[PDB]
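Beneath this line is the structure, given in structure tokens, with notes to follow.
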Amino acid sequence: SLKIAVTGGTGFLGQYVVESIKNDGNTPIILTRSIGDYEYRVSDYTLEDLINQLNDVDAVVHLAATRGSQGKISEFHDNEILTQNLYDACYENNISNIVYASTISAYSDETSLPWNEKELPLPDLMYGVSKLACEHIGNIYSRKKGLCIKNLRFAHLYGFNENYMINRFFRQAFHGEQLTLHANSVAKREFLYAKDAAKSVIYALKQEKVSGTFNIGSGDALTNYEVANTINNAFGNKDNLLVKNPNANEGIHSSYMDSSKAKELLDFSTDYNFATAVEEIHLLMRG
Amino acid sequence: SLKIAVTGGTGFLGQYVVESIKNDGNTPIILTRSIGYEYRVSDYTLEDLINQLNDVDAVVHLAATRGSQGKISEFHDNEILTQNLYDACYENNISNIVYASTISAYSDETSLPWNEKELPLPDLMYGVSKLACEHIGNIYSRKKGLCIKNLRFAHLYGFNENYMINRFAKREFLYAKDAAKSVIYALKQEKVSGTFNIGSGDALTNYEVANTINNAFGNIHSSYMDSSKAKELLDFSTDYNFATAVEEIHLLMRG
Ligand SMILES: O=c1ccn([C@@H]2O[C@H](COP(=O)(O)OP(=O)(O)O)[C@@H](O)[C@H]2O)c(=O)[nH]1
Numbered sequence: 001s002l003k004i005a006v007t008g009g010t011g012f013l014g015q016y017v018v019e020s021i022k023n024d025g026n027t028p029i030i031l032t033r034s035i036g037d038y039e040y041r042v043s044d045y046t047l048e049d050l051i052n053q054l055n056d057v058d059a060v061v062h063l064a065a066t067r068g069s070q071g072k073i074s075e076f077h078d079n080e081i082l083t084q085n086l087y088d089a090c091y092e093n094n095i096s097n098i099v100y101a102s103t104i105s106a107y108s109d110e111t112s113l114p115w116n117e118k119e120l121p122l123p124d125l126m127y128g129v130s131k132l133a134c135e136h137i138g139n140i141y142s143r144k145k146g147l148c149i150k151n152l153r154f155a156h157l158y159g160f161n162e163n164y165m166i167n168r169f170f171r172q173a174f175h176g177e178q179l180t181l182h183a184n185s186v187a188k189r190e191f192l193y194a195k196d197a198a199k200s201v202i203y204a205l206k207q208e209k210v211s212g213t214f215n216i217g218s219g220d221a222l223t224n225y226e227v228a229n230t231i232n233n234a235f236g237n238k239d240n241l242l243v244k245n246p247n248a249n250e251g252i253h254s255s256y257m258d259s260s261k262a263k264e265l266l267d268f269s270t271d272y273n274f275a276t277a278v279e280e281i282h283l284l285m286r287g
Numbered sequence: 001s002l003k004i005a006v007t008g009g010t011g012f013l014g015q016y017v018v019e020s021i022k023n024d025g026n027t028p029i030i031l032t033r034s035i036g037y038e039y040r041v042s043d044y045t046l047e048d049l050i051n052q053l054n055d056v057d058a059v060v061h062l063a064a065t066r067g068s069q070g071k072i073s074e075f076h077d078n079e080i081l082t083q084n085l086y087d088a089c090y091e092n093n094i095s096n097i098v099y100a101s102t103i104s105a106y107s108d109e110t111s112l113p114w115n116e117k118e119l120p121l122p123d124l125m126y127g128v129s130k131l132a133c134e135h136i137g138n139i140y141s142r143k144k145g146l147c148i149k150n151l152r153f154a155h156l157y158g159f160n161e162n163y164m165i166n167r168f169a170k171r172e173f174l175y176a177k178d179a180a181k182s183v184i185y186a187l188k189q190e191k192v193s194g195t196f197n198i199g200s201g202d203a204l205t206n207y208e209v210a211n212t213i214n215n216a217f218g219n220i221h222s223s224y225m226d227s228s229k230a231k232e233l234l235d236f237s238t239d240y241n242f243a244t245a246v247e248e249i250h251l252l253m254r255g
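Chains as they are written, first to last, in our numbering: chain A, 1 to 287; chain B, 1 to 255.
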């Protein structure tokens with residue numbers, strides 16, 4: 001029975017991932033900078049400290065990160081550091097079965113859809129650049145420290161109980177209220193249910209000696225019109241959709257991935273699809 | 001005449017670049033952290049760089065840190081500095097920009113020769129951060145209409161430097177004078193943006209390296225790149241080969 005440490009364990013993804021671990025028979029150990037029935041271990045993400053917070057741990061899921069604000073590369077440097085510390089600490093304790101949470105935001109070139117992991121990364125955001133940097137940090141430790149880091153480029157995560165577009169619809173449709181879309185768009189964006197993302201963490205943790213980079217997508221690229229509709233139906237808010245302006249939005253770009261590689265090497269596929277996932281999220285918002 | 005700010009205009013490649021710029025007929029301007037050609041001391045804060053840059057027409061961003069610890073943190077400064085510099089450049093409507101990146105973006109021997117469509121695979125923190133600064137230049141190029149050209153240099157040798165080459169499995173070696181030339185040629189394409197491999201075609205095993213030097217004087221992993229893209233979109237190709245450049249370094253050492 002394995003002890004699995006989850007950085008950013010208390011986060012949104014983290015909570016899905018922690019329980020997937022417990023359901024798998026294993027033991028989740030939540031790492032966090034602070035708190036106010038799982039084991040929590042408080043840490044300051046220093047090398048010297050993690051060394052000790054990981055001394056009885058078998059695997060590590062590295063979920064902890066910052067989202068940014070200023071669009072400046074400086075807002076992420078603390079992550080990059082936190083990452084290298086973790087891998088340093090992992091090495092000391094002789095941990096190699098590690099999962100890193102990367103993102104679809106390593107891609108951008110619409111000419112190239114759908115993106116597979118041979119797509120030249122080309123981030124639009126400083127967030128992207130950073131994530132991409134932590135990926136190679138792991139890569140280097142993997143090739144040179146025999147660490148076994150599996151980078152997971154998650155598609156756009158959605159879940160239950162989270163002001164982003166998808167959350168707005170959830171809330172709005174839930175109170176029976178008109179969903180709006182600034183304009184119509186033809187752009188398609190891939191949405192991966194948090195439960196399925198925690199699933200892929202589990203399956204990647206199965207290939208304990210595997211090290212590489214995998215797209216974890218759902219299917220399953222939707223337009224904003226599609227998203228709104230599907231939420232609308234599931235929430236008894238049929239047809240309650242308003243398009244504020246005529247023409248194309250143009251503030252939105254397409255993003256989805258080819259997840260072949262994950263399917264064959266990780267033997268991974270999603271339990272849910274957008275409509276099934278939201279059917280369930282709805283049936284749980286009554287809390 | 002053109003006024004061309006050169007960060008790290010002080011260091012090795014800098015001195016070469018700075019003289020090329022003057023020779024091309026333009027006006028060099030070395031930015032530097034200290035004075036311990038027209039020099040301008042900056043602390044490379046955004047506010048400062050905006051002022052130090054408001055009469056400048058182009059920028060050769062060579063200012064960088066080597067790093068000793070193999071820690072990603074040692075390089076965070078180069079990154080902030082780079083973003084600032086580009087914010088500053090945006091403020092002064094400077095768009096023609098050349099970045100010193102490295103062949104160290106690549107690593108997978110299986111793909112040799114490496115071309116720009118090669119998946120990057122940094123082997124050092126040094127390279128990871130160089131890749132980071134590349135994408136900083138890219139995002140600014142696609143969004144704030146800068147025209148940043150990331151040059152991916154091969155390994156540089158020259159005149160007055162205790163590394164191996166200076167002390168006296170193939171590895172592409174680029175003469176600093178050729179590297180410089182490539183900065184000038186990149187600069188002439190003030191509208192172009194993107195990443196270019198700047199190599200010489202000179203992939204030498206350390207054996208050959210030693211030999212070539214012995215003759216012209218009297219006395220590890222494989223890395224080399226395909227540079228079709230530059231010879232094609234920048235008109236760049238090197239004047240010297242390892243043999244011809246050594247001959248010249250020799251002469252310059254007899255003074
Ligand atoms: O954060 C900074 C700011 C400025 N410089 C400058 O960068 C120069 C060039 O470095 P180098 O001699 O290594 O040039 P290269 O290796 O690219 O030929 C120095 O001498 C500095 O004055 C630096 O290195 N780091």
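Where a beta carbon is used, it is the ideal one built from N, C-alpha and C, also for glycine.
Based on Cα-Cα distance, which residue from B:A105, B:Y39, B:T32 and B:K3 lies nearest to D24 (chain B)? Counting from one through the second sequence, the residue named residue 24 (chain B) turns up at place 24. Looking from the CA of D24 (chain B), the closest CA among B:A105, B:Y39, B:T32 and B:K3 belongs to B:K3.
Through-space distance from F236 (chain B) to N219 (chain B), alpha-carbon basis = Position 219 of the second sequence, counting from 1, holds the residue named residue 219 (chain B). Position 236 of the second sequence, counting from 1, holds the residue named residue 236 (chain B). In a straight line, the C-alpha of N219 (chain B) is about 33 Å away from that of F236 (chain B).
What residue ranges within the stretch 70-152 of chain B form continuous alpha helix (DSSP H) runs of no fewer than 4 residues, ordered along the chain? DSSP runs (the alpha helix (DSSP H)) wholly in the stretch 70-152 of chain B: 76-91 and 125-143.
Point to revise | DSSP three-state assignment for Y37 (chain B), whether helix, strand or coil | key: Within the second sequence, residue 37 (chain B) is the residue found at index 37, counting from 1. In the structure shown, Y37 (chain B) sits in coil (DSSP, three-state: anything other than H, G, I, E or B).
Open item on the list: Please classify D123 (chain B) as buried or exposed, where buried requires at least 16 other C-beta atoms within 10 Å of its C-beta.
Closed with: The sequence position of residue 123 (chain B) within the second sequence is 123, counting from 1. Within 10 angstroms of the beta-carbon of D123 (chain B) lie 16 or more other beta-carbons, which makes it buried.
Where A248 (chain A) and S254 (chain A) are concerned, what is the direct C-alpha to C-alpha distance, given to the nearest angstrom?
Numbered from its first residue, the first sequence carries residue 248 (chain A) at position 248. Numbered from its first residue, the first sequence carries residue 254 (chain A) at position 254. Taken atom to atom, the span from the alpha-carbon of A248 (chain A) to that of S254 (chain A) is near 13 Å.
Residues of chain B with a CB under 9 Å from the CB of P123 (chain A): which are they? As a working note, residue 123 (chain A) is residue 123 in the first sequence. Within chain B, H135, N138 and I139 have C-beta atoms less than 9 Å from the C-beta of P123 (chain A), given in sequence order.
**Item:** Under 8 Å (Cβ pairs) to chain A, residues found in the stretch 58-80 of chain B
**Value:** Those residues of the stretch 58-80 of chain B that come within reach of chain A (Cβ to Cβ, closer than 8 Å) are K71, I72, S73, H76, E79 and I80.
- Task: Could you work out which residue in B:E190, B:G255 and B:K177 is closest to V18 (chain B) when comparing CA atoms only?
- Result: The residue given as residue 18 (chain B) occupies position 18 in the second sequence. The residue with the shortest Cα to Cα distance from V18 (chain B) is B:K177.
Task: contact_flag[the stretch 66-74 of chain B, the stretch 203-216 of chain B] where n(CB pairs < 8 Å) is 3 or more - done: With the cut-off at 8 Å, the stretch 66-74 of chain B and the stretch 203-216 of chain B do not touch.
message = Is any non-hydrogen atom of ligand 1 found closer than 8 Å to the C-beta of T65 (chain B), if you look at the structure I gave you?
response = Here residue 65 (chain B) refers to the residue found at position 65 when the second sequence is read from its first residue. Taken from the Cβ of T65 (chain B), at least one heavy atom of ligand 1 lies inside 8 Å.
* Same chain only: Cβ atoms within 6 Å of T238 (chain B), ignoring 5 sequence neighbours per side -> By one-based count along the second sequence, residue 238 (chain B) stands at place 238. Apart from sequence neighbours up to five positions away, the residues of its chain that approach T238 (chain B) with a beta-carbon distance below 6 Å are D178 and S200, ordered along the chain.
Legend entry - DSSP state of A275 (chain A) mapped onto helix, strand, coil: Here residue 275 (chain A) refers to the residue found at position 275 when the first sequence is read from its first residue. In the three-state reduction of the DSSP assignment, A275 (chain A) falls in the helix class.
For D77 (chain B), verify whether its CB is less than 8 Å away from any heavy atom of ligand 1. Reading the second sequence from its first residue, position 77 is the one you call residue 77 (chain B). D77 (chain B) Cβ: within cutoff of ligand 1.
query = Are the Cβ atoms of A5 (chain A) and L54 (chain A) separated by less than 9 Å?
reply = For the purposes of this step, residue 5 (chain A) is taken as the residue at position 5 of the first sequence. For the purposes of this step, residue 54 (chain A) is taken as the residue at position 54 of the first sequence. For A5 (chain A) and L54 (chain A), yes; Cβs fall inside 9 Å.
Distance cutoff 9 Å, beta carbons only. Does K118 (chain A) sit that close to anything in chain B? The residue labelled residue 118 (chain A) in the question sits at position 118 within the first sequence. It does; some Cβ of chain B falls within 9 Å.
My understanding is that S96 (chain A) touches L31 (chain A), with C-beta atoms under 8 Å, so please give their C-beta distance in whole angstroms.
Along the first sequence, read from residue 1 onward, the residue named residue 96 (chain A) stands at position 96. Along the first sequence, read from residue 1 onward, the residue named residue 31 (chain A) stands at position 31. Rounded to the nearest angstrom, the Cβ distance from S96 (chain A) to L31 (chain A) is 18 Å, too far for a contact under 8 Å.
request  = Report the option in B:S193, B:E47 and B:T65 whose CA atom is closest to the CA atom of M125 (chain B).
outcome  = Residue mapping note: residue 125 (chain B) aligns to position 125 of the second sequence, counting from 1. Per the Cα distances, B:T65.
Measuring straight from C-alpha to C-alpha, what distance separates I165 (chain B) and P113 (chain B)?
Mapped onto the second sequence, residue 165 (chain B) falls at position 165. Mapped onto the second sequence, residue 113 (chain B) falls at position 113. Their Cα atoms are separated by approximately 22 Å.
Exercise. When the distance is taken between beta carbons, is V98 (chain B) closer than 9 Å to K170 (chain B)?
Worked result: Numbered from its first residue, the second sequence carries residue 170 (chain B) at position 170. Numbered from its first residue, the second sequence carries residue 98 (chain B) at position 98. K170 (chain B) is not a Cβ neighbour of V98 (chain B), given a cutoff of 9 Å.
Proximity below 9 Å, CB of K131 (chain A) to CB of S112 (chain A):
Counting from one through the first sequence, the residue named residue 131 (chain A) turns up at place 131. Counting from one through the first sequence, the residue named residue 112 (chain A) turns up at place 112. Annotated as distal: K131 (chain A) and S112 (chain A), with beta-carbon spacing of 9 Å or more.
- request: Apply the 10 Å Cβ neighbour rule to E110 (chain A) and answer buried if 16 or more other Cβ atoms are within range, or exposed otherwise.
  value: Position 110 of the first sequence, counting from 1, holds the residue named residue 110 (chain A). Taking a 10 Å sphere around the C-beta of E110 (chain A), we find fewer than 16 other C-beta atoms and assign the residue as exposed.
Per-residue contacts from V57 (chain A) into chain B (C-beta, under 8 Å): Along the first sequence, read from residue 1 onward, the residue named residue 57 (chain A) stands at position 57. Chain B residues near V57 (chain A): none, gap ~23 Å exceeds 8 Å.
| query | Can we count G8 (chain B) as close to ligand 3, meaning its CB is less than 8 Å from some heavy atom? | reply | The model on display carries ligand 1 but not ligand 3.
For this session: Using a Cβ cut-off of 9 Å (strictly closer), state whether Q84 (chain A) contacts chain B.
Result: For the purposes of this step, residue 84 (chain A) is taken as residue 84 along the first sequence, with counting starting at 1. Interface residue (Cβ-Cβ distance to chain B less than 9 Å): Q84 (chain A) is classified as such.
_Any C-beta of chain A under 9 Å from that of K143 (chain B)_ = For the purposes of this step, residue 143 (chain B) is identified with residue 143 of the second sequence, where counting begins at 1. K143 (chain B) counts as touching chain A.
* To do: Please name the residue, chosen from A:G14, A:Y107 and A:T230, that lies closest to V61 (chain A) on a Cα-to-Cα basis.
  => Looking up residue 61 (chain A) in the first sequence gives position 61. Nearest C-alpha to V61 (chain A): A:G14.
For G176 (chain A), does the count of other Cβ atoms within 10 angstroms reach 16, so buried, or fall short, so exposed? The residue labelled residue 176 (chain A) in the question sits at position 176 within the first sequence. The residue is exposed, with fewer than 16 neighbouring Cβ atoms inside 10 Å.
Point to revise | Rounded straight-line distance, which links the Cα of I220 (chain B) to that of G158 (chain B) | key: Here residue 158 (chain B) refers to the residue found at position 158 of the second sequence. Here residue 220 (chain B) refers to the residue found at position 220 of the second sequence. Straight-line Cα distance between these residues: approximately 21 Å.
request  = Taking 9 Å as the cut-off, decide whether the C-beta atoms of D43 (chain B) and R33 (chain B) are in contact.
outcome  = Residue numbering aside, residue 43 (chain B) sits at position 43 when the second sequence is read from its first letter. Residue numbering aside, residue 33 (chain B) sits at position 33 when the second sequence is read from its first letter. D43 (chain B) is a Cβ neighbour of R33 (chain B), given a cutoff of 9 Å.
(message) Quick check: the Cα distance between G70 (chain B) and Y16 (chain A), rounded to an integer number of angstroms?
(response) Position 70 of the second sequence, counting from 1, holds the residue named residue 70 (chain B). Position 16 of the first sequence, counting from 1, holds the residue named residue 16 (chain A). If you take the alpha carbons of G70 (chain B) and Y16 (chain A), they lie about 34 Å apart.
- Quick one: does the C-beta of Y44 (chain B) sit closer than 8 Å to a heavy atom of ligand 1? As a position in the second sequence, residue 44 (chain B) is number 44, starting the count at 1. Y44 (chain B): yes, Cβ under 8 Å from ligand 1.
- Query: For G287 (chain A), which residues from the same chain have a beta carbon less than 7 Å from its beta carbon, with the 5 sequence-adjacent residues on both sides left out?
  - Reply: By one-based count along the first sequence, residue 287 (chain A) stands at place 287. Take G287 (chain A), set aside five residues on each side of it, and no residue of its chain has a beta-carbon closer than 7 Å to its own.
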